[PDB]
Every structure is written in C-alpha cells, then in structure tokens.
Amino acid sequence: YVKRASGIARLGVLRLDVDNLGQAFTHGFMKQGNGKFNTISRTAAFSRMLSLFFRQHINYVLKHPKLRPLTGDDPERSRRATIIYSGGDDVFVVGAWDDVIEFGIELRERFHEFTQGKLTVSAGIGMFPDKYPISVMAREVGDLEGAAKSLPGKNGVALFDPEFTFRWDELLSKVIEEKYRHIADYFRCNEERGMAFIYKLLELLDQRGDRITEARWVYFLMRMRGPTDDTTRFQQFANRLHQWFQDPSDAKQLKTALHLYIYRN
Amino acid sequence: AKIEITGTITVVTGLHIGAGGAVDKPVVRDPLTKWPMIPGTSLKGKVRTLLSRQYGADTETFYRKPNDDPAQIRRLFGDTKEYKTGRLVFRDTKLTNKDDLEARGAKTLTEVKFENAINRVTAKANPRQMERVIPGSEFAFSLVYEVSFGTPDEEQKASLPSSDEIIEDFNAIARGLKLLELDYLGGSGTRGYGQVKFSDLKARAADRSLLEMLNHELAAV
Amino acid sequence: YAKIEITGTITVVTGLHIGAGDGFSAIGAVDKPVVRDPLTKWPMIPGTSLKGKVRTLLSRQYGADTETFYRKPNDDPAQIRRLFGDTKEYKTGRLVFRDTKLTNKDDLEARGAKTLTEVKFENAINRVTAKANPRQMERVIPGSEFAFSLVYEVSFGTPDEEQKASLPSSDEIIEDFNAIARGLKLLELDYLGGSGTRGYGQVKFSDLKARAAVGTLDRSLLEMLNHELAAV
Amino acid sequence: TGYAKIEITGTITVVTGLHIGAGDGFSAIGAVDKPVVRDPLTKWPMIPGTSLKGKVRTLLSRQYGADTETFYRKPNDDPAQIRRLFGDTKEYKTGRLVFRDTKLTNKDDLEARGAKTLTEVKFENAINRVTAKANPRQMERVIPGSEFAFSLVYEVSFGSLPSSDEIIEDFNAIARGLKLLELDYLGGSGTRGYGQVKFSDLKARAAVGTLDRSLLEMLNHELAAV
Amino acid sequence: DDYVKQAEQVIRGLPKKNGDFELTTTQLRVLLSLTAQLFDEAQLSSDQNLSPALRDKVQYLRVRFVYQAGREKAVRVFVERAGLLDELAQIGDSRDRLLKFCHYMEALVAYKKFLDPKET
Amino acid sequence: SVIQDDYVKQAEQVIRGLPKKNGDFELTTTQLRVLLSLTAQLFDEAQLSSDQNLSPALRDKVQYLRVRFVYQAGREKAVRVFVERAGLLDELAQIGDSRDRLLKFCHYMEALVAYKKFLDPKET
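Order-wise, the sequence lines are chains A, H, I, J, B and C.
So in the deposited numbering, spot 235 of the first sequence is number 777, and the numbers just go up one at a time.
Read in order, the letters of the second sequence correspond to residues 6 to 25, 32 to 217, 222 to 236 in the deposited numbering.
So in the deposited numbering, spot 64 of the third sequence is number 68, and the numbers just go up one at a time.
Read in order, the letters of the fourth sequence correspond to residues 3 to 161, 170 to 236 in the deposited numbering.
So in the deposited numbering, spot 107 of the fifth sequence is number 112, and the numbers just go up one at a time.
So in the deposited numbering, spot 69 of the sixth sequence is number 70, and the numbers just go up one at a time.
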C-alpha cells in the first residue's frame, strides 16, 4: 500500500474507539423516563448491532465507498486499506494515507446516521513510511485519539499532530470542502502546477504572529497571475486566502488543507 | 592526506542560477547574508554534463543518465550501481571581494538586465527581466581530492589506485574546468551568461614529486 | 569532440543605441541610457540583442524564398534550430554568444574623444500645429570596437527522439558555418541597436576566423570553415 | 523572387551651405553655438539619416498628399504608400528603408582645393523696420563643396509577401521623392539661402539575396535618372 | 503600528488615471532594487546606530527618491501619499526606524502587487 | 552645520536660491547635457581608481571639465546664475591633491539634478 500511490508513499494508520462505552447501559437509559427501560433484551440489542456495524458493515464502507475528496474519479474505487481487527469498541485500520483519511470520516458518516447525535467518537489518523516499527506505530497514534478524546465536546478528530485537533463538523466542511476545495481547484485544470509554490505558504502560517507576514501573504498570492493563465477568478482566489490569514483559527483549518495537496502529490 | 584544490573563480559576463525588489526569479543567495553564492551542485552538474560529452560522445556514447557513464567519470563523482567512491567533493562558495567590489563603485551586486520578446505576428514587445551577478564578481574556490582508498563493491578488494590512476583523474580536472570556460555556468540558454575565468589554480596536500606533477595539469587552465 | 570558437572584433559604423529601460542613472538623465558595464559603466552589446537580431533575419531568409512565414521563437527551421535552440527538437543549441564590453578605450581616448557616447538631439514636427517636439536620444560614438567570441560545440544529437547521438557528416558543420557568416552578413546590411531605419546601430566586422581551443578537428575542415568565414 | 536587400550607393554634395544643427553640442569654441551635426571623434561634419528620413517623410506626405488633399495630420495618418517604407505604429511596422548615417568622405579633396577650416561662418543680420538698427549674429555652416556618401537599403517582401510591382513603384516612389529634396532645402535655416544638396551616382545592386533580373534595371532606371 | 497597516489604503488613494493605475511597479525598479540591498546590509550589521558606510548609503537612496519622483508622472504622487520623504529626513539615528521604513516600503510594493492585475 | 556633510543636504535649499523669473524656472534640463553626459565619464573613471591620489592623466580630465564650466557661464545666463552661489568653482579650485573632494563633487552634482526634477513637473 505504498508501492502504487501516485503522490506520497506513506502507510496511513487509523485507530478509533467509540467514546464513553462504559456508560452504555449503566447511565445510558436512566436520563429519560427515570429508567424503567433498563432490561436485558433492550441492552443486548445495541450490542447485537455493534456486532454488525464494526464487524460487517465496515466491509460495505470499505469495499465500495462513497466520499472521495482526495482521490475521486470513480465512485466504487475500493479502499486500499486493511482493517486490523473489526470488532467491538475499537476499529484499527492501516493502509495508504490517502484512502484512510477519507474513509476515516466516511465511516463516521455511517456512525452519525445510527446514534443520530447521542454517541460520540474521536479517531486518530497518522501517516508513516513502510518499514516503520509497530511499537511506535501505536504509541503516537495513541495521542491522536488521545488528544481529540480530550476535547470538551468529545466529538472530534486529530490529524498528524496534537495541535491539529478538529471537530467532526470542522473537518469535512471547513478543511476539505471549504479550504482544500479552494486550493487545488483554481489549478484543477493545471493539475501539475507548483506544489513547489505551496510549501512556501505554510511557513507564513507558522509566522502568522508577526505583522509583515500580512504583507508577504498578499505578496506571494499575486505572484501567480499574469498573461500566461486565465485570470477571470484571481481577485477572490487570493481574497478568500486573504481573509483566512487574519483570524487565529481560520488558518488552523488551512494548514491541514495545504498539507493535503502536498501529500497528495 | 587531502589533495586540496584551492583556486579563485571569476565570471566575466552575467550569471543566472535559478533559485527556483519585485524580481520574478532571482539568483541563489547565501540566506544568512543574501550574497550571491555559487551552488555546489551546478559546478558538479555542469562538469558531469560536459565530461559526459567529451570523454563520452567520442566513442559513440548514448549515455542516457549519470548511471551509464564511463568508469573515468563515475570514479570521480560516484553513482548508484558500481559506485567507486564519492571521490570529488565540491566545496560550495560565495562571493568574496565584496567590499572591493563596493570600493570601485558597483553597489548593487546584481544588475537586472531588462529584456524583450518580439512576437512575429504583431511586433509587440513583451518585457521581461532576469537577474545576473556582476561581471566583475570574484568568488573564492575550493574542492577537495584525497589520498583515496577505494571501496570496491567488486571482488578486487582494497584496490588502492596507483599514481597512474591519479594523473588520469587530474587530466579530467584539467579537462573539466577548462572546458567549462568555453561553455556556461548558469542560465541564459545559449545567450551569454556563464563565460567564467579561473585564477590561481593549485593542488595541495592536507608521494612528494607527484605534487609538482599534478600542478602541471592545473597550469593548463 | 571539439570546441571551435569564433573570435574577431565588432566595430560600430554609425552611432549605436542599445539602452534598456532604467537600470541606473545617477547624474545623466536621458531618454534611455545605454546598457553599460556595471562595475565600470562602459557600453556593451548584450548577447541577446545580437542573437535575436541575427535569428530574426534568417527566419526571413529561409522564409520569403520558400515563402512560409515563421511566427514563433520556436518554429524556425532546423538550421536555425540547431544553432540557436528550440524547445521541441534541439533543446539546447550550439552557438553560445557572449556580451562584449568596450575593448578599445584608450585609443578612443588617444583620438581626442571625451564622453564615450554622444547625445543626439532629435525632433518631431507635428503637422497640425507645425511645432516640434524635442527628444534627447543618445548613442555610442561611431568608431568604437567591442570584441566578439561565439563558441561552437561540435555536432552530437542525443536529446532527439530516435536518432540517438547520431553525429552527422562534415557537410553540416559547413552549412552551420555558412549561416553564421551569412547571418553575420545580413546584420552588416542592417541595423543592430535601437533607432534603426533612422540612422543608428550599424556595425562592421573584422578578423572573422575560427580556431579550436579544446578538441580534435582535421585541418581539411578547419580551413574550409575559416575560408567560409573571413570572406564574408 | 526570394530575398533581397537592395543597397543604394551614391554621393550627396552640398551646393549651397548647410546648417543642420545640433542644439547644445560640445564643440566649445565660441559662436559655434549654432553648430552642425558633427562627428564626435573626427569632428567632421555629417548628416543624420533621421533628417534624410524626416525630410523625405515630410516632403512626400505633402506631395502624395496635398493632391489627395486630406492633409495627413500625424505620422500615422499618412497612407500606406509612404509608411510602408517609412514605418508606422499602426501596423507596428519596422519601416522598410534603413536610411543610414553618412559623414564627410572627401576631406582629402577639400584640402586639395585649399579649403582651410571645413566650416565657414556665414554672417547674417537683423534690420528692424522702424529703427533701421543692425542686429548681427554669427551663423555657422559647412563648406559648400563638401560631399557625403549615400547609403540606404530596402528590405524585400516578408509579410503573404509584396509582389513584383510593389517593389517597382515603391522604389520609384523614392526616386520621385528624392528629386523633390534635390530641388528643396535640407538643412536648417530653410528658404533663406542654405541647405541645398546635389545627388549623383544613385544606382541599385544586389548586395545580398537573390535579386531578380527584370526587377533591377527598372530600379536602376529612375534612381539613376532622378 | 499603523505604518504596516497604512499601505492597505494609501494605495487605494493613488489616483488611477484610466481606471487602471498610473504607477506600475517597473517605474520603481531602480528604487526597490536599491533599498532591498539596503535592507539586507542593515540587519546584518549588528549595531543599532548604523555604520558610517551605511549612514550615507541611504543618502543616495534619499537623493534617488527626490529625483525619480520628480522625473516621472506616477511617482510624483506616490511619495507624499506614502510619506516616504517625510520619513527619510530623520533616519540617521538607528536601524529601528530604518527597518521599519524598509518594512513599510515592503508593505507598499506588496499591496501594490495586490491592488492591480500587474502581469509579467 | 558641517558643510561637507551638509553637501548632500545643501542641494535642496540652494536650488531655491537660484531665482525663478516667470514663476517657471529659467534653468531647464536640456541646457545642461554637457555637464551630465560629461561628468558620468568622470564618474565611471573616478570610482575605478583604486589609488587615493589621482593620475596626472586624469588630473587634466577635470581641467577640461573646469574649462567647460567657466565657458558655460559665459554662453548662457540661466547657468550663469546657477554656479556662483552654489560655488562649483571653489570645489574645482583646490581639488588637486586626492579624490576626497572629487568624490564629494562627483556626488554633489547628482544631488542638484535630483532636486531640479523635484521642484518642477518634468512631464512627458
């Protein structure tokens, strides 16, 4: 799973456990109706559905997936990952980093359609090379579901580091479909353009706490247009990236959107 | 035990070394001080594109990479497959006589030669500019050869090269950096930046009559 | 393998004006000061300003007898493409021009001159008001001699598509030394600098000889080319 | 019918004086304040090809015009039949006639006829009709015997190319336009006894290119004539 | 302070003659390629009060400004609308105002690049 | 005020000390082509002198500059008023030791063409 990937060749890890599963029946029935519903056939039911969601229904969301914001171009291009153990509270999947990071949200979008806003999760996804050892392939991704499980709302995700800790609603909307679906689309038609330009960019988001980085932000932005490209949409293409710069959390989503394109290629 | 080649390299034209004021694509610069430096690679990478046309291309050489070079090339610069040694290092260098370039007037240390692009359907000018380092720019120079114990992946173990193998190699430095001066160094593809002129070439230790026997080849530039 | 440079001496006939935008002008404001030698600020002929002024002529020369028009800087014929370059077939060419600063500065001080360049006050009389608009266009003294050296690698063609490293015969180096001096001839019968067709920018050659500095080449060819060269 | 750069020889000669001037030159002697266009090195009198353009530009615009009457108010308003030689910003064209500079050729014969200083100071005067006061001045001009060479070229068809007749009549338009200037002033201080020139030995040749056979002697007709 | 924020609006206040600007950046090419080299000799010098060789390097940069603005139509308005000569009279103490001033000029040409098409 | 370092600052106020008569200036630009296209040829050779002292073969190249200065005040009046208060001649008087005063005077006159474009349109 690192021998084929056009782009980076990085084996992506995924571990994900459903939160608060000790309170699944001890205090998961006794807040509505003062708890007359606590019975064995009503508590052996969700533990008969979790033996299909995390053990058989994950074969649907992997063999023929839906969401493809990095790869695209085929609806049923199969996930090239491989699940370690499909069972119970914890799912452990390792494949290429590309298919996992879409599926790692996509399986959660087969999870918020069952609990429908009551059970929460926090996942962990990292990217590693092929010959990387296992004993630190599970002590560092034990911080990626170790930091977003320390979220005050507990329903989030952490990508690649403990400083990227984002909500599930902040990830598929703000990062990919807003900010990553801004960057690689102005040169969607020029798909091979400089990612040797875009690794200039996230230097500035590290030095964002200096004043002249505002000036260097717009400086490099209009170092891309001219007479050799279609410049019907360039004033807003930098202005979207200019308004994102000033806010101390708008660019937090942006760094991950920049990272997705350079690691896609 | 280090065969140190000292020297001084000096251009006479402009010199455009890509680096990937509102200059579009400037020269490479020493990022502590932003002086123009000669990158270590395109010394090594010009010579192994000249000497893979001179030692090669006599004897009907396709030479479709720096991996299928002749032995006399891969002896000096190394490769993947046989990998004699990495035997020639090129010490990178930056501009030297900067205050003596200032004291005789040239204060910019880079001019920007404006240019032009005449389309042949409308005779419309299309301005454009590059940056060149000053023609009077005089870099210091070094590259370090060594007593060179060999590392054979081949079965001819510990085969230390002989004194005939040194002077076949310091033929290739006489043949290298002299043939440079009749070609480029940087950009301006067939257009005039990269005529260079070497000064004060030497070899130096860092046997004894071999030392004078090698400097000869280096008086030949 | 060999390296046949082409040395000599170029010499302005009329005044010459090549001046690019505004590079540096501390004292003397003119319209466009001439391109100078930035440590010393002696005039020069930049190699691009010679290369296009040769190449554009040959495009009109292999065109306008085969009558095809050559409109891009990358679709001239091969005998231009092999010399100057391409981006589709012969990616790096063979001729490598240089710029050249003012060689003969002391005789041009021994022969009484003062400024190394001259300020030619022009005018422009409009026809409605019958009034003149002044100009200040300045040019280089008409008796100065820059140097000349354009080197010439021998033929070898590997970057092409099917004829890998197929060195052609010794007629092509005669054809590719024909069009050098033929190219240097059509520049003798044309302007070089700015304000041509107005009496500037005419240049005169001399000493047009070849010699090999690096490489092996027979005298049976090196005297065919040197007598292909100095004649024109 | 391939390529051609028709080079034009000949020798211009001042019959009267000539005071094509340079404004603020650097001759620095006195009343050389009305100088002539000199060489900077030899300090010999010369002639810019701008003036030989900018007289045949002017004095054919009002001879090909001022008959078609529309006054041709700007040096793009001129018709194609002038500016296809002389150049325009309309079609961006490079001209087609490189009027070259020329300088003092026969300085040697002018020392043979004893002509001493090569520039004679022709005095003039101002009389005001009420005062009858003489206000003098020291105007300076070239020797009226000196002779400059003559060199223009003419590029052939390039752009899908001007045909044979377009070489003929347009070259004939030069010779029509040149004999005007022979009977006209050239230098400064026109209309007042200056700046008349005499042309001679004006022939065509094939300096380079494959010039044709019939289309050369027709061009050696009128330019040798006028 | 305001001085890196000032250039966000003083370039909207430049009077665009045809609607497109009158000050293209190439008219400053002898200027912004002469202060970019002053900017890099400034901070690499470690003393706050400038070296005497750098004391009069800006003196030519000052004199070039008053010429180039008075030479062209476009830079006729750009100096005093940014207050560049107004900052340059008193800069002979230390690099603190100088490295502010070059950073100020950095913001200008950056915002000049953004507030126009400005093709290559 | 030390005049030799106010020499690059003196050029702003003594360019107003020349009096304009119409309200427009009298010393236009094209009146001084022979002191700008003839001092760049002194500037390109003074900087190349590595020696502190001038060459004798250069010491006359300023004398033809000196004689052109004393000539151009006789020929024109707008340049006649330019010089005597600016005092160009006093810096060309005792300049004969080394290029200390010369590189000042090489620098002093690029400041005076600088302010003259400033105090006037200089249009196109």
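Ideal Cβ placement from N, Cα and C applies to all residues, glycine included.
It is roughly 8 Å from the alpha-carbon of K78/B to the alpha-carbon of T125/C.
Identification of residues in the segment 71 to 82 of chain C having a C-beta nearer than 7 Å to some C-beta of chain J yields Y72, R76, given in sequence order. Look at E149/H here: in three-state DSSP terms it is strand.
Judged by DSSP secondary structure, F670/A falls within the beta strand (DSSP E) whose first and last residues are 663 to 670. 8 Å or more divides the Cβ of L154/H from the Cβ of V207/H. Counting only the Cα atoms, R85/J lies some 50 Å from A738/A.
Under the DSSP assignment, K7/J falls in the beta strand (DSSP E) whose first and last residues are 6 to 10.
The beta carbons of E126/H and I145/H sit no closer together than 8 Å.
Between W639/A and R552/A, the C-beta spacing is below 8 Å.
DSSP places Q778/A in the uninterrupted alpha helix (DSSP H) bounded by 777 to 788.
Scanning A169/I, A128/I, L196/I, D211/I for the CA closest to the CA of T60/J turns up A128/I.
Under a criterion of Cβ atoms nearer than 7 Å, the residues of chain B adjacent to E111/C are, in order, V68.
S628/A: member of the beta strand (DSSP E) spanning 624 to 629, first to last residue. By the neighbour-count definition (other C-beta atoms within 10 Å, threshold 16), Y741/A is an exposed residue. Counting the other Cβ atoms within 10 Å of the Cβ of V17/J gives fewer than 16, which makes it exposed.
Looking at the DSSP output, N137/J bridges to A128/J. DSSP links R143/J through a beta bridge to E122/J.
Within the segment 30 to 60 of chain B, no residue places its CB atom closer than 8 Å to a CB of chain A.
Taking 8 Å as the threshold, the shortest C-beta distance from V114/C to chain I falls below it. Taking a beta-carbon distance threshold of 8 Å, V9/B counts as an interface residue toward chain A. Using a Cβ-Cβ cut-off of 7 Å, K123/C is close to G75, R76 of chain B, given in chain order. Any Cβ of chain C closer than 8 Å to the Cβ of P47/I would place that residue at the interface, and such an atom is absent. The Cβ of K76/J sits closer than 8 Å to at least one Cβ of chain I. In summary, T798/A is buried, with 16 or more beta-carbon neighbours lying within 10 Å of its beta-carbon over all protein chains present. Within the segment 152 to 215 of chain I, no run of beta strand (DSSP E) reaches 3 residues while sitting entirely inside it. Unbroken alpha helix (DSSP H) stretches of 4 residues or longer found wholly inside the segment 30 to 73 of chain J: 51 to 58, 60 to 66, given in chain order. When the Cα atoms are used, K95/I and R215/I turn out to be separated by approximately 25 Å. In this structure, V683/A places its C-beta atom within 8 Å of the C-beta atom of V555/A.
Shown here, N230/H sits in a helix according to DSSP, grouped into three states.
Your pair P47/I and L120/I checks out as a contact, with CB atoms roughly 7 Å apart and the cut at 8 Å. The continuous beta strand (DSSP E) containing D559/A extends over residues 553 to 560. For the segment 139 to 164 of chain I, the set of residues with a beta-carbon nearer than 9 Å to any beta-carbon of chain C comprises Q140, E142, in chain order. The segment 129 to 144 of chain H and the segment 71 to 85 of chain I touch, with no fewer than 3 CB-CB distances between them shorter than 8 Å. Remark: three or more beta-carbon pairs, one from each stretch, lie closer than 8 Å, so the segment 110 to 118 of chain C and the segment 72 to 87 of chain B are flagged as touching. If one requires a minimum length of 4 residues, the alpha helix (DSSP H) runs lying completely within the segment 23 to 55 of chain C are 41 to 47, in chain order.
At a cut-off of 8 Å, the C-beta of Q95/B has no neighbouring C-beta in chain C.
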